[PDB]
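See below for the structure under consideration.
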Amino acid sequence: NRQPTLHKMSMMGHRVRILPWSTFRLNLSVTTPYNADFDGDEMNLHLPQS
DNA sequence: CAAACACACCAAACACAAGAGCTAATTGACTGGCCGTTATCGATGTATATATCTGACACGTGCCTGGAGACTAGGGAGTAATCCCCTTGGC
Ligand SMILES: [Mg+2]
């Protein structure tokens, strides 16, 4: 999720993949819904426990 | 005249002002009265240090008594002769 959640397409599930360096990554096509810009954005990540 | 409602106006409040995310730094109560502990000032000593006076011992000076010195007066102690009393000695 990205902090300003304007519409439904702003909190979608994803499958986890662990990569060496310390930065969230996501395919560029999925940038448009979130309205992210990879210019120092921040995007939250919640995990269900059930 | 008094009471009903309606309208325009004035006066008084309520709540909102996107989602959030990170970092920094300024504020660290205070006079006063009073009780409770404790430090200090004060008296009332008894122990020890020092000063004055009295007592015993020491060195020194002294007043007094008796002893000692030089010199004197004049007579006590004492040679040298004599008598003859009396003792020792004898048959
Ligand atoms: Mg951007």
Problem set entry | At 1.306 mPa s and 10 °C, Stokes D of chain A from Kirkwood alpha-carbon radius, µm² per second | 131 µm²/s
Problem set entry | Placed amide H near A:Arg2: partners under 5 Å, 5+ positions off or other chain | A:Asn44
Seminar exercise, completed: So, relative contact order of chain A in percent, Cα under 8 Å, 6 or more apart, is 56 percent
Exercise. Could you give the nm distance between label points at A:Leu26 and A:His14, where each point is 7 Å from its Cα heading toward the beta carbon?
Worked result: 0.5 nm
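Mean residue ellipticity at 222 nm from the helices of chain A, using -39,500 (n - 2.57) per DSSP H segment of n ≥ 4 over the full residue count, to the nearest 500 deg cm²/dmol? Walk me through the numbers on the way to the answer.
On the way: 1 runs with 4 residues, N = 50.
It comes out at -1000 deg cm²/dmol, rounded to the nearest 500.
The numbers here are math on the coordinates, done by the rules we state, and not lab data. Using ideal geometry, Cβ is built from the backbone for each residue, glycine included, and neighbour counts are taken over all protein chains shown.
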